[PDB]
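J.: Below is the structure I would like to discuss, written out as structure tokens.
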Amino acid sequence: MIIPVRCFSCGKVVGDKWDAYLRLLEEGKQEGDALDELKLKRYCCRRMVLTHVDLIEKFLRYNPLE
Amino acid sequence: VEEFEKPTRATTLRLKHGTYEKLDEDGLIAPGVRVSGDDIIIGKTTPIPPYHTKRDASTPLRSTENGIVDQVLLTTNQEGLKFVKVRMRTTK
Amino acid sequence: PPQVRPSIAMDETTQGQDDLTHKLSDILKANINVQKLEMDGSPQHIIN
Amino acid sequence: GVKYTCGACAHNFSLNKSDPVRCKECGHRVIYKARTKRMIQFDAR
Ligand SMILES: [Zn+2]
Ligand SMILES: [Zn+2]
């Protein structure tokens, strides 16, 4: 839905690196290189950031009820 | 016809042991209210066919379930009678 | 006794009765008007 | 009497258990109850 605040396994704060990750992917950098530039060493954080689905962008398409 | 209303203690009989204070004046609970099991969420009264002569057809919450009132929908059916749908949200 | 027929309390105190109770009341009214038509003058075939 | 919101034009109005179930502005037949003003507490766990 939205990027989780912390890594599920270890607990590193990864919720502040989503915009940076997307911007790094904008310049055509590979996903592994982008993850490396964010200092995500353990693969728990790597799967936390890499496999996330930003579903909230769909939820914001619907017109608000108020 | 029946009506969605808050049943009274005196003029309305057959009161379930669940609480009724969570209902509003129209018998519909407002969204964003914590409730527990057996609590009344819809209050409906039916006149007795020929004071203290109103069947209570209130729908209580499931006794094994809790949660918060996520949404309340009021509308009319095909024939024009009242129609209410209450969606409850909980976290597992 | 009222144990035999189920008088369901569908709504607190203000309740009706089973069909057996109504038929018993009708039978008692029939017996009452049978009794009340034997000392006073009335046709025998009407009594029967 | 009770606040309500339209399901189509999202206009807030009020009802007094006498008006027909319809939006005052756009005449929509679907309305929702407004959120209660009471505070709600969570344990953030
Ligand atoms: Zn981690
Ligand atoms: Zn409207």
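Naming works like this for the structure tokens: A, B, ... for the chains as they're shown, residue 1 at the start of each chain, ligands 1 onward in shown order.
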Per residue of chain B within 7 Å of chain D, note the shortest atom pair and the distance in Å to one decimal, counting only C-alpha atoms, and order the rows by chain and increasing residue number, as JSON lines.
T.:
{"residue": "B:26", "atom": "CA", "partner": "D:17", "partner_atom": "CA", "distance": 6.9}
{"residue": "B:30", "atom": "CA", "partner": "D:36", "partner_atom": "CA", "distance": 5.7}
{"residue": "B:31", "atom": "CA", "partner": "D:35", "partner_atom": "CA", "distance": 5.3}
{"residue": "B:32", "atom": "CA", "partner": "D:36", "partner_atom": "CA", "distance": 6.4}
{"residue": "B:72", "atom": "CA", "partner": "D:33", "partner_atom": "CA", "distance": 5.6}
{"residue": "B:73", "atom": "CA", "partner": "D:32", "partner_atom": "CA", "distance": 4.8}
{"residue": "B:74", "atom": "CA", "partner": "D:31", "partner_atom": "CA", "distance": 5.6}
{"residue": "B:75", "atom": "CA", "partner": "D:30", "partner_atom": "CA", "distance": 5.1}
{"residue": "B:76", "atom": "CA", "partner": "D:21", "partner_atom": "CA", "distance": 6.8}
J.: So that I can check the surroundings of residue 47 in chain C, please list as a list in words every protein, DNA and RNA residue that reaches within 12 Å of it, counting only C-alpha atoms and ignoring chain neighbours fewer than 6 positions away.
T.: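 Residues meeting the cut-off are residues 30, 31, 33, 34, 35, 36, 37, 38, 39, 40 and 41 of chain C.
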J.: With N, CA, C and O atoms retained, could you export that selection as a compact mmCIF listing (two decimals), in the first residue's frame?
T.:
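Generated output (out-v1.txt):
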# COMPACT_ATOMS: atom_id res chain seq x y z
N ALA C 30 -69.00 -21.49 24.55
CA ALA C 30 -70.03 -22.39 24.06
C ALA C 30 -70.71 -23.13 25.21
O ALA C 30 -71.94 -23.25 25.24
N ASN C 31 -69.93 -23.61 26.18
CA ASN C 31 -70.50 -24.29 27.33
C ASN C 31 -71.33 -23.34 28.18
O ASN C 31 -72.38 -23.73 28.71
N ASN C 33 -73.02 -20.63 27.14
CA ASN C 33 -74.31 -20.38 26.50
C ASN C 33 -75.15 -21.64 26.35
O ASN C 33 -76.37 -21.53 26.19
N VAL C 34 -74.54 -22.82 26.41
CA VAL C 34 -75.33 -24.05 26.52
C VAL C 34 -76.00 -24.13 27.89
O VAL C 34 -77.19 -24.45 28.00
N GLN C 35 -75.25 -23.83 28.95
CA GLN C 35 -75.81 -23.86 30.30
C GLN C 35 -76.92 -22.82 30.46
O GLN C 35 -77.97 -23.11 31.04
N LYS C 36 -76.71 -21.62 29.93
CA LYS C 36 -77.68 -20.54 30.08
C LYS C 36 -78.93 -20.72 29.23
O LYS C 36 -79.79 -19.83 29.25
N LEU C 37 -79.08 -21.82 28.49
CA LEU C 37 -80.25 -22.05 27.65
C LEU C 37 -80.98 -23.34 28.03
O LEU C 37 -81.51 -24.04 27.16
N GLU C 38 -81.01 -23.67 29.32
CA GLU C 38 -81.70 -24.87 29.77
C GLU C 38 -82.76 -24.61 30.84
O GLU C 38 -83.70 -25.40 30.94
N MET C 39 -82.63 -23.55 31.64
CA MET C 39 -83.71 -23.21 32.57
C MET C 39 -84.76 -22.31 31.93
O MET C 39 -85.93 -22.37 32.33
N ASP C 40 -84.37 -21.48 30.97
CA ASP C 40 -85.29 -20.57 30.32
C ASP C 40 -85.90 -21.21 29.08
O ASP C 40 -85.32 -22.12 28.47
N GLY C 41 -87.09 -20.74 28.72
CA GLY C 41 -87.80 -21.26 27.56
C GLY C 41 -87.08 -21.02 26.25
O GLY C 41 -86.77 -19.87 25.90
J.: Give as number ranges by chain every residue of chain A that touches chain D within 9 Å, counting only C-alpha atoms.
T.: A: 64-66
J.: List as an MDAnalysis selection string the protein and nucleic acid residues near residue 11 in chain A, meaning an atom at most 12 Å away when only C-alpha atoms are counted, but skip any in the same chain fewer than 3 places from it.
T.: chainID A and resid 4:8 14:15 42 44:45 48
J.: For a quick check of understanding, using only C-alpha atoms, which of B:48, B:65, B:11, B:24 has the smallest distance to residue 15 in chain C?
T.: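 For residue 15 in chain C, the nearest of the given residues is B:48.
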J.: Write out as a PDB file with N, CA, C and O atoms, in the first residue's frame the set of residues from chain C that DSSP, computed on the backbone, places in alpha helix (DSSP H).
T.:
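Output (states10.pdb):
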ATOM      1  N   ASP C  19     -53.136 -20.940  19.806  1.00  0.00           N
ATOM      2  CA  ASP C  19     -54.438 -21.286  19.245  1.00  0.00           C
ATOM      3  C   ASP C  19     -55.233 -22.179  20.188  1.00  0.00           C
ATOM      4  O   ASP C  19     -56.468 -22.118  20.209  1.00  0.00           O
ATOM      5  N   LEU C  20     -54.543 -23.013  20.971  1.00  0.00           N
ATOM      6  CA  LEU C  20     -55.229 -23.872  21.929  1.00  0.00           C
ATOM      7  C   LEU C  20     -55.953 -23.052  22.989  1.00  0.00           C
ATOM      8  O   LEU C  20     -57.078 -23.382  23.375  1.00  0.00           O
ATOM      9  N   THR C  21     -55.321 -21.979  23.475  1.00  0.00           N
ATOM     10  CA  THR C  21     -55.964 -21.132  24.476  1.00  0.00           C
ATOM     11  C   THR C  21     -57.206 -20.451  23.912  1.00  0.00           C
ATOM     12  O   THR C  21     -58.248 -20.390  24.578  1.00  0.00           O
ATOM     13  N   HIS C  22     -57.113 -19.934  22.684  1.00  0.00           N
ATOM     14  CA  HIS C  22     -58.269 -19.301  22.057  1.00  0.00           C
ATOM     15  C   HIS C  22     -59.397 -20.303  21.848  1.00  0.00           C
ATOM     16  O   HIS C  22     -60.570 -19.992  22.095  1.00  0.00           O
ATOM     17  N   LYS C  23     -59.062 -21.513  21.396  1.00  0.00           N
ATOM     18  CA  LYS C  23     -60.093 -22.524  21.195  1.00  0.00           C
ATOM     19  C   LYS C  23     -60.708 -22.970  22.515  1.00  0.00           C
ATOM     20  O   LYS C  23     -61.909 -23.249  22.570  1.00  0.00           O
ATOM     21  N   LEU C  24     -59.911 -23.034  23.584  1.00  0.00           N
ATOM     22  CA  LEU C  24     -60.455 -23.348  24.900  1.00  0.00           C
ATOM     23  C   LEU C  24     -61.407 -22.260  25.378  1.00  0.00           C
ATOM     24  O   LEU C  24     -62.451 -22.557  25.971  1.00  0.00           O
ATOM     25  N   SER C  25     -61.059 -20.993  25.139  1.00  0.00           N
ATOM     26  CA  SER C  25     -61.963 -19.902  25.492  1.00  0.00           C
ATOM     27  C   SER C  25     -63.260 -19.984  24.697  1.00  0.00           C
ATOM     28  O   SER C  25     -64.349 -19.751  25.238  1.00  0.00           O
ATOM     29  N   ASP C  26     -63.162 -20.311  23.405  1.00  0.00           N
ATOM     30  CA  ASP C  26     -64.361 -20.481  22.589  1.00  0.00           C
ATOM     31  C   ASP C  26     -65.217 -21.634  23.101  1.00  0.00           C
ATOM     32  O   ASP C  26     -66.448 -21.532  23.147  1.00  0.00           O
ATOM     33  N   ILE C  27     -64.578 -22.737  23.498  1.00  0.00           N
ATOM     34  CA  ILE C  27     -65.307 -23.876  24.046  1.00  0.00           C
ATOM     35  C   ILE C  27     -66.006 -23.490  25.341  1.00  0.00           C
ATOM     36  O   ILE C  27     -67.149 -23.888  25.588  1.00  0.00           O
ATOM     37  N   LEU C  28     -65.325 -22.730  26.200  1.00  0.00           N
ATOM     38  CA  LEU C  28     -65.943 -22.311  27.452  1.00  0.00           C
ATOM     39  C   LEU C  28     -67.120 -21.376  27.211  1.00  0.00           C
ATOM     40  O   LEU C  28     -68.138 -21.463  27.903  1.00  0.00           O
ATOM     41  N   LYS C  29     -67.004 -20.470  26.237  1.00  0.00           N
ATOM     42  CA  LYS C  29     -68.150 -19.631  25.893  1.00  0.00           C
ATOM     43  C   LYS C  29     -69.307 -20.473  25.365  1.00  0.00           C
ATOM     44  O   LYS C  29     -70.476 -20.215  25.687  1.00  0.00           O
ATOM     45  N   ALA C  30     -68.997 -21.489  24.553  1.00  0.00           N
ATOM     46  CA  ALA C  30     -70.031 -22.392  24.063  1.00  0.00           C
ATOM     47  C   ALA C  30     -70.710 -23.125  25.212  1.00  0.00           C
ATOM     48  O   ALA C  30     -71.939 -23.245  25.242  1.00  0.00           O
ATOM     49  N   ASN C  31     -69.926 -23.608  26.176  1.00  0.00           N
ATOM     50  CA  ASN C  31     -70.496 -24.290  27.333  1.00  0.00           C
ATOM     51  C   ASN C  31     -71.335 -23.339  28.176  1.00  0.00           C
ATOM     52  O   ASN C  31     -72.378 -23.731  28.712  1.00  0.00           O
ATOM     53  N   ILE C  32     -70.894 -22.087  28.308  1.00  0.00           N
ATOM     54  CA  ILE C  32     -71.637 -21.106  29.093  1.00  0.00           C
ATOM     55  C   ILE C  32     -72.996 -20.836  28.459  1.00  0.00           C
ATOM     56  O   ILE C  32     -74.026 -20.819  29.144  1.00  0.00           O
ATOM     57  N   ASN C  33     -73.025 -20.631  27.140  1.00  0.00           N
ATOM     58  CA  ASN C  33     -74.309 -20.377  26.496  1.00  0.00           C
ATOM     59  C   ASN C  33     -75.154 -21.639  26.353  1.00  0.00           C
ATOM     60  O   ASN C  33     -76.373 -21.531  26.186  1.00  0.00           O
ATOM     61  N   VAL C  34     -74.544 -22.824  26.415  1.00  0.00           N
ATOM     62  CA  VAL C  34     -75.329 -24.052  26.525  1.00  0.00           C
ATOM     63  C   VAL C  34     -76.000 -24.129  27.890  1.00  0.00           C
ATOM     64  O   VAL C  34     -77.189 -24.453  27.998  1.00  0.00           O
ATOM     65  N   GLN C  35     -75.249 -23.828  28.953  1.00  0.00           N
ATOM     66  CA  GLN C  35     -75.812 -23.856  30.299  1.00  0.00           C
ATOM     67  C   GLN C  35     -76.917 -22.823  30.456  1.00  0.00           C
ATOM     68  O   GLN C  35     -77.967 -23.112  31.042  1.00  0.00           O
ATOM     69  N   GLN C  44     -86.280 -26.817  21.723  1.00  0.00           N
ATOM     70  CA  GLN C  44     -85.408 -27.950  22.017  1.00  0.00           C
ATOM     71  C   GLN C  44     -84.414 -28.201  20.889  1.00  0.00           C
ATOM     72  O   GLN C  44     -83.239 -28.487  21.145  1.00  0.00           O
ATOM     73  N   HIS C  45     -84.867 -28.103  19.636  1.00  0.00           N
ATOM     74  CA  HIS C  45     -83.963 -28.319  18.510  1.00  0.00           C
ATOM     75  C   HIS C  45     -82.881 -27.249  18.452  1.00  0.00           C
ATOM     76  O   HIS C  45     -81.753 -27.533  18.035  1.00  0.00           O
ATOM     77  N   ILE C  46     -83.200 -26.022  18.865  1.00  0.00           N
ATOM     78  CA  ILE C  46     -82.178 -24.984  18.964  1.00  0.00           C
ATOM     79  C   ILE C  46     -81.176 -25.331  20.059  1.00  0.00           C
ATOM     80  O   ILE C  46     -79.966 -25.117  19.903  1.00  0.00           O
ATOM     81  N   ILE C  47     -81.658 -25.878  21.177  1.00  0.00           N
ATOM     82  CA  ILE C  47     -80.761 -26.306  22.248  1.00  0.00           C
ATOM     83  C   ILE C  47     -79.830 -27.403  21.748  1.00  0.00           C
ATOM     84  O   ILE C  47     -78.619 -27.379  21.999  1.00  0.00           O
TER      85      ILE C  47
END
J.: Return as a list in words the residues belonging to chain C that are within 9 Å of chain B, counting only C-alpha atoms.
T.: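 The selection requested is residues 9, 10, 11, 12, 13 and 14 of chain C.
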